[PDB]
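Note that we place each Cβ from the backbone using ideal geometry, even for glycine, and neighbour counts take in every protein chain shown. Laboratory data are not the source of any read-out in this text; all were calculated from the coordinates shown.
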């Protein structure tokens with residue numbers, strides 16, 4: 001085995017490179033991105049980037065982020081979403097302007113209820129138990145402009161508030177967060193964003209940091 | 001002993017989680033031993049007592 005010693009040398013070098021790259025990747029945080037069509041995920045992804053699967057890389061005070069845009073896949077989500085089980089954040093983008101819109105090529109299913117149904121299917125999927133959902137109620141401005149005339153009762157017939165913006169968006173947040181059944185373990189970080197220089201990158205950074213610390217305190221049984 | 005039996009019977013509430021559990025039990029047993037040092041000192045010097 002005079003030559004096979006060099007083979008073992010190659011194996012050890014490859015193992016060393018494997019371990020270094022693996023620790024480098026496990027250093028980084030993986031964030032899913034999903035939502036209805038035209039949910040305004042383009043504006044959100046543009047804001048974080050300024051600061052098949054579409055992978056987008058950004059940094060916010062180290063803790064280098066890799067973001068995975070999945071909307072591109074028109075296929076069976078059941079056999080695909082068994083991946084991404086190790087993501088420490090699931091950025092869900094939904095546009096509040098969807099409440100007024102009757103259709104998305106889907107038999108006059110209201111786009112808001114279609115988004116809630118997708119949220120129900122993805123949040124309570126038994127693959128994702130420790131992964132936390134970051135909820136971007138996007139286009140808060142266009143919602144504020146629409147709610148002034150068209151009552152949310154067209155979307156949520158049991159709503160009895162005065163259609164004032166705060167009492168409407170608080171209801172949408174309450175409903176989306178109550179749609180999460182396994183609230184004992186999961187956390188929903190609801191935030192309101194629009195097409196402007198918000199803290200949405202800072203808010204993602206803070207929510208991801210908190211989820212990381214929560215995960216580590218579970219690792220040692222401190223939490 | 002009271003604090004020990006409080007953690008032992010409340011070994012699952014999030015504040016005993018925050019206390020780190022068994023590392024805190026090690027600390028509190030250390031306090032117990034540091035207390036028993038006093039009981040050991042007042043005894044007759046003898047031979048074993050001075051060693052302990």
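Remark: pairs (first residue in the range A:151-164, farther than 14 Å from residue A:100 by Cβ; second residue in a helix (DSSP H, G or I); Cβ separation under 9 Å; 6+ apart in sequence or on different chains) = A:160/A:153; A:161/A:152; A:161/A:167; A:161/A:168; A:161/A:170; A:161/A:171; A:162/A:168; A:164/A:147. Per this entry, residue A:32 is not counted among residues that are more than 30 Å from residue A:111 (Cα to Cα) and in contact with a strand residue (DSSP E or B) (Cβ under 7 Å, 6 or more places away or on another chain). Restricting attention to the range A:197-213 and to residues that are surrounded by fewer than 16 Cβ atoms within 10 Å (Cβ to Cβ) and not in a loop (DSSP other than H, G, I, E, B), the residue that is farthest from the other protein chains (Cβ to nearest Cβ) turns out to be A:202. Collect the residues in the range B:1-35 that are within 14 Å of chain A (Cβ to nearest Cβ), surrounded by 10 or more Cβ atoms within 10 Å (Cβ to Cβ) and part of a loop (DSSP other than H, G, I, E, B), keeping them in residue-number order. Matches in the range B:1-35: B:11, B:13, B:19, B:20, B:21.
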